[PDB]
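A.B. asks: There's a structure below that I have some questions on.
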Amino acid sequence: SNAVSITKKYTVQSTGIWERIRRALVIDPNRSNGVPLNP
Amino acid sequence: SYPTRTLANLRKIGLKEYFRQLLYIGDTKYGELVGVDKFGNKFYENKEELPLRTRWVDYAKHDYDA
Amino acid sequence: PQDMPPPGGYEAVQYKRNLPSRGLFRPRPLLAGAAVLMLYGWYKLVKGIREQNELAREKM
Amino acid sequence: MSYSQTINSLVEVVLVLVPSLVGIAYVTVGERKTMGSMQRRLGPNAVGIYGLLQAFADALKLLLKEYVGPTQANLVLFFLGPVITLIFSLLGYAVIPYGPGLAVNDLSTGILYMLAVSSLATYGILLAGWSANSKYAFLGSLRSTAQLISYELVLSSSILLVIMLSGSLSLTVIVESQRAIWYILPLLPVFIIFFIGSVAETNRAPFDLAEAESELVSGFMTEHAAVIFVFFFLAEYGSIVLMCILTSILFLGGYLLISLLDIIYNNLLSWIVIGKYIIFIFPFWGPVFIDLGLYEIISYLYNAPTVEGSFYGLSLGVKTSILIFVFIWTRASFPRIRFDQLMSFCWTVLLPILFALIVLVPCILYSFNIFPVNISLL
Amino acid sequence: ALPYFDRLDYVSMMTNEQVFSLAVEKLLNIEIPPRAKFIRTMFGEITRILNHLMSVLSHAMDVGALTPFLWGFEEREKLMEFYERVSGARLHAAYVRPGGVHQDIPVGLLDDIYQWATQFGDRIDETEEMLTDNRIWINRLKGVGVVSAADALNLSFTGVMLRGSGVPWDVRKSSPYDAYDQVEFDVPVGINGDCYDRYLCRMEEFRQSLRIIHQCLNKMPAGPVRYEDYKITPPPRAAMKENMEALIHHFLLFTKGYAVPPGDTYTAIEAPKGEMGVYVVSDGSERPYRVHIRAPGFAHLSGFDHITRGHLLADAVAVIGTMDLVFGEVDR
Amino acid sequence: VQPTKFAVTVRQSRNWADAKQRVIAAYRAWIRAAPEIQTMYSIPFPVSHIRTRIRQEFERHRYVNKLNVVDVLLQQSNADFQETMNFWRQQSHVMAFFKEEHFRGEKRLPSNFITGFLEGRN
Amino acid sequence: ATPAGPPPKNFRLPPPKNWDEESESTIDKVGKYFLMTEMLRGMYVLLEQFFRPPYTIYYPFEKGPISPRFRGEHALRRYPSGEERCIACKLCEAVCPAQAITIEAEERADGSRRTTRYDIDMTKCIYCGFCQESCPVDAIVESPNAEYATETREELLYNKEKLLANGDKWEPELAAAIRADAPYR
Amino acid sequence: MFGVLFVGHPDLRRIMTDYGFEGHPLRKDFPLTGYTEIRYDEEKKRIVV
Amino acid sequence: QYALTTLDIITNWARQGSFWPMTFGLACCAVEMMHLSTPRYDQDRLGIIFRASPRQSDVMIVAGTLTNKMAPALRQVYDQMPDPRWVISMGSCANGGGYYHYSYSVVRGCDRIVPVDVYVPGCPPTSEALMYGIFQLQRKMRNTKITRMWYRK
Ligand SMILES: *P(=O)(O)OCC(C)(C)[C@H](O)C(=O)NCCC(=O)NCCSC(=O)CCCCCCCCCCCCC
Ligand SMILES: CCCCCCCCCCCCO[C@@H]1O[C@H](CO)[C@@H](O[C@H]2O[C@H](CO)[C@@H](O)[C@H](O)[C@H]2O)[C@H](O)[C@H]1O
Ligand SMILES: CCCCCCCCCCCCO[C@@H]1O[C@H](CO)[C@@H](O[C@H]2O[C@H](CO)[C@@H](O)[C@H](O)[C@H]2O)[C@H](O)[C@H]1O
Ligand code: SF4
Ligand code: SF4
Ligand code: SF4
C-alpha cells in the first residue's frame with residue numbers, strides 16, 4: 001500500500017504486550033500517534 | 001495521566017506530597033531536583049515524560065506566578 | 001558547516017492516501033452479524049414468552 | 001406499615017433527587033473530560049483536585065450573574081417560565097425503577113407518563129426562543145420545535161414495539177420481561193432508531209443546527225436570553241441522562257445484571273457438606289473457604305436488602321453511563337446535519353421503516369403463539 | 001514595509017512576504033542565491049500546510065465537525081516551532097526579505113522537519129478518516145457553491161476556487177518562481193466546481209506540499225542565504241564590527257534603505273488562498289511610490305452574491321469556509 | 001437598485017436641463033426623507049432643523065457652473081442617500097453632520113480679530 | 001481554460017455511467033447505507049485517540065519551547081565594565097517600522113556620547129527585532145520574557161530607567177541568547 | 001480610495017472607508033493620519049467624531 | 001467580618017473557576033487566542049469557555065486592530081455585557097494602535113472606546129502571554145472585595 005512501517009516514523013512506540021494489543025485493535029498498525037521522541 | 005504512571009509516582013513521592021501536587025500542578029509527577037531559584041522555586045527534570053513536559057517547576061509561593 | 005542534508009539524502013516519507021479497508025466495517029460481515037444477533041434473540045424471546053404464559057396459567 | 005407514609009415518601013424522594021442532581025452535574029464535567037481525551041487534550045482538571053468541582057463553580061457563577069432579560073410586558077414569563085421547564089425535566093425520574101418495584105411511583109401506565117412529560121419539552125424550547133428579538137432566530141426556535149415533535153413520533157412509535165413484546169406500560173414489568181433476553185437482540189434496528197431518535201429529540205449535536213444558527217445572525221443590536229440561567233442547562237443535561245436511563249430500561253437489561261451464580265451452579269457438581277466445595281472442572285481443586293469466617297458471612301451479605309439493591313442500581317448506572325458515553329462520542333464524531341436533511345431522515349427514512357416494523361412484529365408474535373398475557377404477572 | 005505583508009493574510013505569513021520580496025527583487029534586477037531559493041520554497045510549503053490546517057479545519061468546525069480542528073492544530077503547533085527557530089516569532093516572522101532570507105536556518109532544523117515529515121501523512125489520513133467519506137460531510141458540500149469554469153475566470157477567481165471547476169492552472173507551474181521549477185509536484189483539479197471538490201483539492205495539496213518539503217530537504221545546497229551584496233542586503237554583524245565598508249553599508253541600509261530603480265512590476269505567486277500579487281511603482285528612491293496588494297480573498301468575496309444566490313443560509317456558511325477568507329487580506 | 005435598495009447606476013449628465021432635473025430630484029428625496037432620518041437616527045432636533053440643514057448642503061454648491069463638477073456632487077449625494085436610508089450609517093456618523101454636537105459647538109472659529117487674539121487663534 | 005496547443009491527452013472526462021453500470025454489489029451498497037459503516041469507522045478513530053497520550057502542557061509549571069532568536073520585551077545592556085553600551089547613534093530609531101522609539105542625546109559630563117532619553121512605546125511596537133539587528137554595539141535586545149501583562153497602559157511606556165533595569169535583570173539570559181545566535185547574525 | 005468615478009457602474013459606493021468618511025486616502029494630498037479621530041463621549045453616551 | 005469575607009472568597013472562586021470570555025477576533029491576535037483552545041494549551045482544563053453571546057459572558061477580549069467602522073459595534077457589544085464586566089486588551093493594535101497607529105482608519109487604543117483592565121503586550125502575544133494576562137485578571141478578581149466593601153460603606 002501507500003503506508004511505510006511504523007518502525008521508521010520517529011514517534012514514540014508502544015512496547016511489548018501493549019504493542020501486540022495495539023497491532024490488533026487498531027485501524028492502521030503503521031499509523032503513528034504524533035508524539036515526538038525526546039532523545 | 002494514566003494509572004501505571006500515577007501509581008509508580010506514589011510509590012516514590014508519598015501520599016502527603018501527592019496531595020500537595022493535586023492542589024497546585026494538578027498532576028502526579030516525579031523527577032530529579034535540578035536547582036533552586038533565588039526566589040525559592042525548585043526545578044525538576046525527567047527525560048522520560050511526554051515532550052515539553054521533561055522540565056517543570058515547583059513554586060515557592062502559594063500565589064504563584066510565571 | 002551549514003545545516004545540510006545527510007550524505008545519502010533523507011529517506012522517503014509517507015505522503016500518499018493510505019486509508020486501508022478493514023473487515024470490521026465492511027457491510028457483509030456486519031450484515032451477517034446483526035442477522036445472527038436478531039435470530040438468537042428471537043429464539044430466546046419465543047422461549048421466554050411461552051414460559052411467561054405458562055407461569056400466568058399457574059397464577060390464575 | 002412499620003413507620004409513617006410521609007417519612008417513607010420523603011426518604012425515597014430525597015434518595016432519588018439528590019443522587020440524580022449530583023449525577024446531572026458530573027455529566028457536564030464528564031462531557032468536557034471525554035471530548036478532551038478524544039481531542040488529545042484534557043478536560044477540566046483545575047477547579048477541584050481533579051476538576052471535580054468544575055460543575056459547581058460554573059453553576060454558582062451563573063447564579064450570581066446579573067440578568068438583564070426583558071421584565072417588561074411579561075414578568076411571570078421571564079421568571080416563572082423556565083422554572084417549570086426544570087420541573088418538567090425532573091418529573092420523568094419519578095417512574096424510574098432501581099430494582100423490581102423500586103420506584104417513587106410504580107405506575108402501570110408508566111410509559112404513557114413519560115410520553116406526556118416529553119411532549120411538554122416542546123414548550124421549553126418554543127417559549128425561551130420567543131424571548132430573543134431577531135426575525136431569523138425566532139424561526140430557528142420554531143424549527144427546533146418542529147425537530148422535537150417529529151423525533152417524538154420516532155420515539156413513541158418505536159416504544160410501541162417494545163410494549164408489544166412486554167405486554168405492559170410498567171417500567172418494572174418491561175425490565176422483568178427481559179430476564180428472558182435483552183430487547184436489543186431481537187429488536188436490534190428498533191434500538192438504533194430509538195437511540196438516534198433520542199439524540200435528535202434532545203436537540204443535541206449532530207441534530208442541533210437549527211438552534212445553532214441563532215448565534216450567527218444575532219447582529220449588532222440584540223442578544224439571547226438563556227444567559228445567566230442554569231435552569232435550561234439542568235433541564236438539558238437531565239433530559240440527556242433521562243433519555244439514557246429509559247433507553248436502558250427498554251433495550252438493555254434495565255437493572256438486570258447477568259448473574260454468574262447460575263454459571264457456578266451448572267459447572268459445580270461436587271457439593272461437599274464439610275465445606276470443601278470441590279468442583280468438577282478441569283481447573284478445579286479442593287478449596288479451603290472458611291465456613292466459620294467467610295461462607296456464613298458471604299451468604300448473608302448476598303441476601304441483604306442493601307447489597308442486592310446496590311447491584312441492581314450499579315447495573316442500571318453502568319448501563320446509563322455507557323450510553324452517556326455514546327452521546328458524547330456522537331457529538332465529537334460528526335458534523336452537523338441541516339434542518340431539511342434531518343427532516344428527510346425522520347419522515348422519509350426512519351418512520352417508513354418503523355411503520356413497516358409495526359406491521360411485521362405483531363404478525364410474527366401471532367405466528368409463533370408468543371403474544372404475552374396483559375394481566376399482572378411479573 | 002515588509003512587516004506589513006505578514007499582516008495581510010495572517011495565517012500564511014511567509015508567502016505574503018515572498019510576493020513582496022519577489023516584486024522588489026525584480027525591480028532590483030538581482031538573482032537570489034540557491035540556498036535561499038530552497039529555504040523559501042520549503043517554508044512556502046510549510047506555510048501552505050499551515051494555512052490549509054486553518055482553512056480546512058475551521059471550515060469543518062463551522063460545518064460542525066469539531067474534532068479534526070483540534071488534532072491538526074497540534075500539527076499547526078509543531079510547525080510553528082520551525083517558524084520560531086528560524087525567526088523569533090510564532091506568527092509574524094519577517095524572515096523572507098528582498099535578496100533572500102534574514103538569517104541562515106539553525107543547524108539541527110532540517111533534521112527536525114524530516115522527523116515531523118515522517119508522520120505528517122498519518123495526520124492527513126486520520127483527518128481524512130473523518131470527513132472524506134462521511135455522508136453528513138458529503139451531503140453538506142455536494143452541489144453547494146457551484147461555479148462554472150467560464151464564470152470563475154470572469155469573476156476573478158484564482159486558486160482552488162478556480163481549480164475546483166476543472167481549470168488546470170497553478171501559478172507555480174505556469175510562472176515558476178523560487179525553486180518550484182526544481183521540484184516535482186501535482187496539481188489537484190476538480191470536476192463539479194462545488195465545495196466537495198474544493199475540499200478534496202485542498203486535502204490533496206496537503207500531500208503535495210509534504211512531497212515538496214521532502215524534496216527540498218534533499219536538494220538543500222550550501223552557500224549564502226542572502227544576496228551577496230551589501231548595497232542591498234545587510235552585512236554580517238562580524239563584518240560591520242570589523243570592516244569600514246561594511247559599517248557604512250550597514251548604517252545606510254538601516255537609515256535610508258536601498259534605492260530601487262524606477263519602474264513598475266506586477267508580480268504574482270501561488271499563495272495558499274489563491275493568487276496573491278502586488279503592484280509596486282518605484283520612483284528610483286528608497287521608499288515605494290505606490291504599493292498595491294492583490295488579495296485572492298477580495299475577489300472571492302466579491303463573487304459571493306453570484307454563487308450563493310438561491311442557496312440556504314446553512315448553505316452559505318459552507319460557501320464562506322470553502323473560500324479561504326481572512327479579512328485582513330480582503331481589507332488592506 | 002438591482003444590487004441594493006437605493007442603488008443608482010452611475011450616469012453622466014447630458015446637459016444643464018438634465019443636470020438641474022437630477023439636482024431637484026435629489027433635493028426632493030432628501031427633504032422627503034427627513035422624518036424617516038429623524039426617527040431611525042433618533043436625532044434630537046426638529047424635522048425642520050434637519051430639512052433646513054439639508055438645504056444648506058445644497059446651498060453650498062448652488063454656484064457651480066461646471067457640468068463635470070455637478071455629476072460628482074450628485075454621485076456623492078446619491079451614495080450618502082443610500083447609506084442613510086439603509087441603516088448603514090451609525091447615529092454617530094449622522095448626528096455628527098450637525099456641527100453643533102461638538103463640545104465646542106457651532107462657534108468654533110473666532111468671531112472677529114480680537115476674540116480670537118485673546119483666546120490664541122480660538 | 002486549457003493551454004494553447006493540443007488538448008491534454010484524455011483531458012475530457014469519460015461518459016457518465018448509468019446506475020446499473022456501476023460496479024458495487026447491491027449487498028455492499030445496501031449494507032453500507034443501513035449499517036452506516038463509514039460513520040462507524042470515524043467513531044472508531046476517536047476511540048484510538050482516546051487511548052493515546054495528550055498534547056497538553058500544564059502552564060505555568062511547564063513552559064513551551066522558545067528559540068534563542070525569540071522576540072520578547074526590550075532591554076538595554078551594559079559592558080562588563082558597567083558602562084551602557086548605547087552611544088545614541090539613533091539607528092534603531094530610524095529603522096523602527098512603527099516609530100515606537102524616541103531618543104534624545106547630548107554630551108555627558110565626562111564628554112561621552114550617551115542618551116538622555118530612551119523611550120519605547122510598548123503599545124506601538126510590533127516585536128519585529130529590527131531595532132536589535134541594526135545595533136552596532138548589541139545595546140538594544142529583545143529578552144525571552146513574554147510574561148509582563150500590566151494593568152494600565154502607562155506601564156507600557158518604557159523609559160530609559162526601566163529598559164536599563166530590564167537589562168540588569170536579564171543579562172545572563174541575554175548574553176546566552178546572543179552567544180547562541182551571534183554566528184548567524 | 002481615489003475619487004475616480006466609473007460611468008455605467010451599478011452601485012458605486014464606498015467599499016473600504018467608514019460611512020460618513022470625507023476624503024480619498026490614497027491621494028497624495030491626503031495626510032497619513034487623516035483629519036478626524038473618534039472616541040467615546042461619556043456625556044453624550046455615544047462615539048463622537 | 002469573617003462571614004462577609006467567606007462570602008467573597010466563594011463568590012470569587014466561582015468567578016475564577018468558570019471564566020467565560022466573549023471575543024472580538026478582529027485580526028491575527030485571534031489566531032493566537034485560537035491556539036489557547038488547542039491541545040497544547042487548553043482553556044477547558046482551567047475552566048475557560050469562549051461564549052458567542054455577550055449575555056453569557058464575563059470578560060471581553062479585544063484581540064485585533066480596532067477600526068473606526070468596527071468601534072460602534074465594539075461599544076454596543078460591551079454595553080450588552082451583564083455585570084460584573086472585565087475587558088482584556090490583547091496585542092499592540094488594541095493596546096495603542098500598533099503598526100497602524102498613524103492611520104486615518106484606526107482607533108489608537110481600544111480604551112478610547114471602553115474601559116480596560118489588563119493589557120497584554122506583543123504582536124502577537126504568545127499563547128502563554130495571553131494566559132499570563134488571564135491569570136493577572138483572575139488574581140484581580142481574587143482581590144475583589146464585594147461584601148467587605150459594602151461593610152466599610
Ligand atoms: P434654483 O434654480 O435657484 O437652483 C437649482 C440649482 C441648485 C440646480 C441651480 O440652478 C444650479 O444650477 N446650481 C448648480 C448645480 C448644483 O447645485 N450642483 C450640486 C448638486 S448635488 C448637491 O448639492 C449635493 C448636496 C449634498 C447632498 C446631501 C445633503 C444631505 C446630507 C446630510 C443630511 C443630514 C444627515 C443625514
Ligand atoms: C451543573 C449544572 C449546569 C450549570 C452550568 C454548567 C456549565 C454548562 C456549560 C458547560 C458544559 C459543557 O458545555 C460545552 O463546553 C465545551 C467546552 O468544554 C464547549 O466546546 C467549545 O470549546 C471546545 C474546546 O476544545 C471546542 O472543541 C468546541 O468546538 C467549542 O464549542 C461547548 O460549546 C459547550 O457546549
Ligand atoms: C419518549 C419518552 C421520553 C422520556 C424522557 C422525556 C424527557 C423530557 C425532559 C424535558 C426537559 C426539557 O428538555 C430539554 O430542555 C432544554 C432546555 O429547554 C433543552 O436544551 C436547550 O438549551 C440548552 C442550553 O441551556 C442548549 O444547550 C440545548 O441545545 C437546547 O436545546 C433540551 O433540548 C431539551 O431536551
Ligand atoms: S540602542 Fe543601539 S541603535 Fe539604538 S541608539 Fe543606542 S547604539 Fe544606536
Ligand atoms: S521591535 Fe518594536 S521597537 Fe524594535 S524596531 Fe521593531 S517596532 Fe521598533
Ligand atoms: S497586534 Fe499584531 S497580531 Fe494582533 S492584530 Fe495587530 S498586527 Fe495582528
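Convention: chains lettered A, B, ... in C-alpha cells order; per-chain residue numbering from 1; ligands numbered from 1 as shown.
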Can you pull out every residue from chain I that DSSP, working from the backbone, puts in strand (DSSP E), and format the result as a ChimeraX atom specification?
C.D. replies: /I:21-25,59-63,86-90,118-120
A.B. asks: Name all residues at most 8 Å from stretch 3-20 of chain B (count only C-alpha atoms; drop same-chain ones fewer than 5 positions away) and give them as a list in words.
C.D. replies: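 Near stretch 3-20 of chain B, the qualifying residues are residues 28, 29 and 30 of chain B.
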A.B. asks: With N, CA, C and O atoms kept, could you save the residues just selected as a tab-separated table (two decimals), in the first residue's frame?
C.D. replies:
chain	number	residue	atom	x	y	z
B	28	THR	N	0.38	14.16	38.99
B	28	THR	CA	1.34	13.45	39.82
B	28	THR	C	2.61	13.25	39.01
B	28	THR	O	2.61	12.55	38.00
B	29	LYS	N	3.68	13.86	39.47
B	29	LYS	CA	4.88	13.98	38.67
B	29	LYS	C	6.09	13.82	39.56
B	29	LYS	O	6.14	14.37	40.66
B	30	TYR	N	7.06	13.03	39.10
B	30	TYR	CA	8.28	12.74	39.83
B	30	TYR	C	9.49	12.97	38.96
B	30	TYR	O	9.55	12.51	37.82
A.B. asks: So, with only C-alpha atoms as the atoms that count, which of B:35, B:48, B:40, B:25 lies closest to chain I?
C.D. replies: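 Smallest distance to chain I is found for B:25.
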A.B. asks: Name each residue within 6 Å of ligand 1, counting only C-alpha atoms and all ligand atoms, as a PDB file with C-alpha atoms, in the first residue's frame.
C.D. replies:
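Generated file (out.pdb):
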ATOM      1  CA  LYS F  20     -30.829  70.580 -12.932  1.00  0.00           C
ATOM      2  CA  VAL F  23     -30.426  68.060  -8.566  1.00  0.00           C
ATOM      3  CA  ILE F  54     -30.154  69.562   4.293  1.00  0.00           C
ATOM      4  CA  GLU F  57     -25.635  71.333   1.994  1.00  0.00           C
ATOM      5  CA  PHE F  58     -27.199  72.028  -1.445  1.00  0.00           C
ATOM      6  CA  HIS F  61     -22.903  74.161  -4.419  1.00  0.00           C
ATOM      7  CA  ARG F  62     -25.539  76.497  -5.949  1.00  0.00           C
ATOM      8  CA  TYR F  63     -22.959  78.424  -7.903  1.00  0.00           C
ATOM      9  CA  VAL F  64     -21.250  75.513  -9.668  1.00  0.00           C
ATOM     10  CA  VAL F  70     -22.193  68.604 -10.744  1.00  0.00           C
ATOM     11  CA  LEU F  73     -21.532  66.235  -6.457  1.00  0.00           C
ATOM     12  CA  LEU F  74     -24.666  64.288  -7.447  1.00  0.00           C
ATOM     13  CA  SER F  77     -25.354  62.766  -2.697  1.00  0.00           C
ATOM     14  CA  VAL F  94     -25.376  61.068  11.097  1.00  0.00           C
ATOM     15  CA  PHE F  97     -23.161  66.064  10.288  1.00  0.00           C
TER      16      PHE F  97
END
A.B. asks: Just need the residues of chain B within 10 Å of chain D, counting only C-alpha atoms, so spit them out as a PyMOL selection string.
C.D. replies: chain B and resi 1+19+21-27
A.B. asks: Show me, as JSON, numbers by chain, the residues of chain A whose atoms get within 10 Å of chain C, using only C-alpha atoms for the distance check.
C.D. replies: {"A": [1, 2, 3, 4, 5, 8, 9, 26, 27, 28, 30, 31]}
A.B. asks: Calculate how many Å separate atom CA of residue D:197 from atom 27 (O, counted along the ligand's line) of ligand 2, rounding to one decimal.
C.D. replies: 24.1 Å
A.B. asks: Can you tell me which residues come within 9 Å of ligand 5 when counting only C-alpha atoms and all ligand atoms, ideally as an MDAnalysis selection string?
C.D. replies: (chainID G and resid 71:74 92:101 120:122 124:134 140:142) or (chainID I and resid 98:99)
A.B. asks: Select, from E:112, E:74, E:126, E:104, the residue with the minimum atom-to-atom distance to residue A:32, counting only C-alpha atoms.
C.D. replies: E:126
A.B. asks: Could you give me, as a Markdown table, a per-residue list for chain E showing, wherever an atom lies at most 9 Å from an atom of ligand 6, the closest pair of atoms and their distance in Å to one decimal, using only C-alpha atoms and all ligand atoms and sorting by chain then residue number from low to high?
C.D. replies:
| residue | atom | partner | partner_atom_place_in_ligand_line | distance |
| --- | --- | --- | --- | --- |
| E:4 | CA | ligand 6 | 7 (S) | 8.5 |
| E:6 | CA | ligand 6 | 7 (S) | 8.5 |
| E:7 | CA | ligand 6 | 7 (S) | 5.8 |
| E:8 | CA | ligand 6 | 8 (Fe) | 9.0 |
| E:10 | CA | ligand 6 | 8 (Fe) | 7.3 |
| E:91 | CA | ligand 6 | 3 (S) | 7.5 |
| E:92 | CA | ligand 6 | 3 (S) | 7.6 |
| E:328 | CA | ligand 6 | 8 (Fe) | 8.7 |
A.B. asks: Hey, which residues come within 8 Å of ligand 4 if we count only C-alpha atoms and all ligand atoms? Could you give them as an MDAnalysis selection string?
C.D. replies: chainID G and resid 76 85:93 103 115 131:132 134:140
A.B. asks: Can you list, as a PDB file with N, CA, C and O atoms, in the first residue's frame, every protein, DNA or RNA residue that comes within 10 Å of residue D:292 when you count only C-alpha atoms, leaving out same-chain residues fewer than 4 positions away?
C.D. replies:
ATOM      1  N   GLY D 275     -17.661 -28.347  53.795  1.00  0.00           N
ATOM      2  CA  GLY D 275     -17.182 -27.031  53.439  1.00  0.00           C
ATOM      3  C   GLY D 275     -16.045 -27.006  52.444  1.00  0.00           C
ATOM      4  O   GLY D 275     -15.540 -25.920  52.136  1.00  0.00           O
ATOM      5  N   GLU D 296     -20.357 -18.293  55.856  1.00  0.00           N
ATOM      6  CA  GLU D 296     -21.500 -17.809  56.621  1.00  0.00           C
ATOM      7  C   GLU D 296     -21.715 -16.319  56.399  1.00  0.00           C
ATOM      8  O   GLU D 296     -22.853 -15.866  56.232  1.00  0.00           O
ATOM      9  N   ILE D 297     -20.632 -15.540  56.389  1.00  0.00           N
ATOM     10  CA  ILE D 297     -20.757 -14.100  56.188  1.00  0.00           C
ATOM     11  C   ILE D 297     -21.151 -13.790  54.749  1.00  0.00           C
ATOM     12  O   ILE D 297     -22.057 -12.987  54.499  1.00  0.00           O
TER      13      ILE D 297
END
A.B. asks: Produce as a list in words the set of residues near ligand 2, where near means within 6 Å with only C-alpha atoms and all ligand atoms considered.
C.D. replies: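 Selection of residues at most 6 Å from ligand 2: residues 25, 28, 32, 55, 58, 59, 230, 233 and 234 of chain D; 66 of chain E; 37, 44 and 49 of chain I.
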A.B. asks: Deliver the residues from the most recent selection as a file, using C-alpha atoms, as a tab-separated table (two decimals), in the first residue's frame.
C.D. replies:
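Result file result.tsv:
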chain	number	residue	atom	x	y	z
D	25	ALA	CA	-23.73	17.88	37.43
D	28	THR	CA	-21.35	18.24	32.33
D	32	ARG	CA	-15.69	18.08	28.68
D	55	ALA	CA	-19.68	21.89	37.61
D	58	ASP	CA	-19.96	27.03	36.68
D	59	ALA	CA	-23.37	26.72	38.36
D	230	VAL	CA	-28.70	27.29	34.94
D	233	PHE	CA	-28.83	23.72	31.33
D	234	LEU	CA	-30.05	21.38	34.12
E	66	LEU	CA	-15.11	19.84	15.90
I	37	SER	CA	-8.09	26.39	22.83
I	44	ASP	CA	-11.07	23.98	29.21
I	49	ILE	CA	-15.16	28.54	27.61
A.B. asks: Need the shell around residue F:48: protein/DNA/RNA residues with any atom at most 12 Å away, counting only C-alpha atoms. Skip same-chain ones fewer than 2 positions apart. Format as a list in words?
C.D. replies: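 Answer for this query is residues 31, 32, 33, 34, 35, 37, 38, 43, 44, 45, 46, 50, 51, 52, 53, 54 and 55 of chain F.
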A.B. asks: Keeping only C-alpha atoms, write the selected residues as a PDB file, in the first residue's frame.
C.D. replies:
ATOM      1  CA  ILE F  31     -36.195  66.567   2.351  1.00  0.00           C
ATOM      2  CA  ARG F  32     -38.899  63.956   1.855  1.00  0.00           C
ATOM      3  CA  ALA F  33     -36.820  61.513   3.893  1.00  0.00           C
ATOM      4  CA  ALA F  34     -36.139  63.848   6.823  1.00  0.00           C
ATOM      5  CA  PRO F  35     -38.898  62.387   9.063  1.00  0.00           C
ATOM      6  CA  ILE F  37     -33.976  60.049   9.134  1.00  0.00           C
ATOM      7  CA  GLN F  38     -35.125  61.649  12.412  1.00  0.00           C
ATOM      8  CA  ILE F  43     -31.924  62.951  16.077  1.00  0.00           C
ATOM      9  CA  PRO F  44     -32.816  65.281  18.948  1.00  0.00           C
ATOM     10  CA  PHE F  45     -33.709  68.048  16.506  1.00  0.00           C
ATOM     11  CA  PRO F  46     -36.901  69.117  14.761  1.00  0.00           C
ATOM     12  CA  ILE F  50     -32.933  68.650   9.614  1.00  0.00           C
ATOM     13  CA  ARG F  51     -34.577  69.986   6.495  1.00  0.00           C
ATOM     14  CA  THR F  52     -33.064  73.433   6.856  1.00  0.00           C
ATOM     15  CA  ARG F  53     -29.687  71.820   7.361  1.00  0.00           C
ATOM     16  CA  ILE F  54     -30.154  69.562   4.293  1.00  0.00           C
ATOM     17  CA  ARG F  55     -30.868  72.792   2.357  1.00  0.00           C
TER      18      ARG F  55
END
A.B. asks: Enumerate as a VMD selection string the residues within 8 Å of ligand 3, counting only C-alpha atoms and all ligand atoms.
C.D. replies: chain D and resid 82 85 to 92 111 114 to 115 117 to 125 128 144 152 155 to 156 159 198 201 to 205 208 211 to 212 226 229 to 240 242 to 243 246
A.B. asks: When you get a sec, could you note down which chain D residues fall within 8 Å of chain E, using only C-alpha atoms, as JSON, numbers by chain?
C.D. replies: {"D": [38, 39, 40, 206, 213, 332, 333, 334, 335, 336, 337, 338]}
A.B. asks: Could those residues be written to a file, using C-alpha atoms, as a CSV table (one decimal), in the first residue's frame?
C.D. replies:
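Wrote it out as result.csv, contents follow:
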chain,number,residue,atom,x,y,z
D,38,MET,CA,-10.8,12.1,22.1
D,39,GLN,CA,-9.4,15.5,21.1
D,40,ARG,CA,-6.0,14.7,22.6
D,206,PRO,CA,-25.4,16.4,15.2
D,213,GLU,CA,-27.8,29.3,13.6
D,332,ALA,CA,-17.3,14.5,18.9
D,333,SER,CA,-17.6,12.3,15.7
D,334,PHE,CA,-19.8,14.0,13.2
D,335,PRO,CA,-20.6,17.4,11.6
D,336,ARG,CA,-24.0,18.9,11.8
D,337,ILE,CA,-27.0,18.0,9.7
D,338,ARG,CA,-29.1,20.7,8.0
A.B. asks: Would you please work out which residue, of G:8, G:16, G:31, G:183, is nearest to chain C when using only C-alpha atoms?
C.D. replies: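 Nearest candidate to chain C out of G:8, G:16, G:31, G:183: G:31.
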A.B. asks: Could you list, as a compact mmCIF listing (two decimals) with N, CA and C atoms, in the first residue's frame, every residue of chain I that has an atom within 9 Å of an atom of chain H, counting only C-alpha atoms?
C.D. replies:
# COMPACT_ATOMS: atom_id res chain seq x y z
N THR I 67 -10.86 49.43 14.23
CA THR I 67 -11.03 50.49 13.22
C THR I 67 -12.23 51.36 13.57
N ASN I 68 -12.34 52.54 12.97
CA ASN I 68 -13.44 53.50 13.23
C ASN I 68 -14.77 52.86 12.84
N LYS I 69 -14.82 52.12 11.73
CA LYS I 69 -16.03 51.38 11.30
C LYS I 69 -16.42 50.29 12.32
N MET I 70 -15.46 49.54 12.88
CA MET I 70 -15.72 48.49 13.91
C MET I 70 -16.06 49.05 15.30
N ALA I 71 -15.63 50.26 15.67
CA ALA I 71 -15.80 50.79 17.05
C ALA I 71 -17.24 50.93 17.55
N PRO I 72 -18.25 51.36 16.76
CA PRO I 72 -19.62 51.42 17.26
C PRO I 72 -20.11 50.04 17.70
N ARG I 75 -18.59 49.08 21.09
CA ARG I 75 -19.24 49.72 22.23
C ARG I 75 -20.62 49.13 22.47
N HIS I 101 -1.02 52.72 13.98
CA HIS I 101 -1.31 53.87 14.88
C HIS I 101 -1.41 55.17 14.09
N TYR I 102 -0.55 55.39 13.09
CA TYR I 102 -0.56 56.66 12.32
C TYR I 102 -1.41 56.50 11.05
N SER I 103 -2.65 56.05 11.19
CA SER I 103 -3.56 55.84 10.05
C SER I 103 -4.88 56.58 10.27
N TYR I 104 -5.61 56.88 9.20
CA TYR I 104 -6.90 57.60 9.25
C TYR I 104 -8.05 56.66 9.62
N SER I 105 -7.82 55.35 9.61
CA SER I 105 -8.94 54.41 9.80
C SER I 105 -8.86 53.66 11.13
N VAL I 106 -7.82 53.89 11.92
CA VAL I 106 -7.62 53.05 13.13
C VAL I 106 -7.81 53.81 14.44
N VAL I 107 -8.52 53.21 15.39
CA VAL I 107 -8.66 53.82 16.74
C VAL I 107 -7.35 53.55 17.47
N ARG I 108 -6.73 54.58 18.03
CA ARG I 108 -5.39 54.41 18.65
C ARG I 108 -5.55 53.88 20.07
N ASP I 111 -9.10 51.58 24.52
CA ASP I 111 -9.55 52.28 25.71
C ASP I 111 -9.99 53.71 25.44
N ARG I 112 -9.94 54.17 24.19
CA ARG I 112 -10.72 55.33 23.81
C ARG I 112 -12.18 55.00 23.64
N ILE I 113 -12.54 53.72 23.62
CA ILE I 113 -13.91 53.29 23.45
C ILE I 113 -14.47 52.68 24.73
N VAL I 114 -13.76 51.74 25.33
CA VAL I 114 -14.25 51.02 26.51
C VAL I 114 -13.18 51.04 27.59
A.B. asks: Considering only C-alpha atoms, give me a table of residues in chain F that are at most 10 Å from chain I, with the closest atom pair and distance in Å for each, as JSON lines.
C.D. replies:
{"residue": "F:89", "atom": "CA", "partner": "I:69", "partner_atom": "CA", "distance": 9.5}
{"residue": "F:90", "atom": "CA", "partner": "I:72", "partner_atom": "CA", "distance": 7.4}
{"residue": "F:91", "atom": "CA", "partner": "I:72", "partner_atom": "CA", "distance": 9.3}
{"residue": "F:92", "atom": "CA", "partner": "I:72", "partner_atom": "CA", "distance": 8.2}
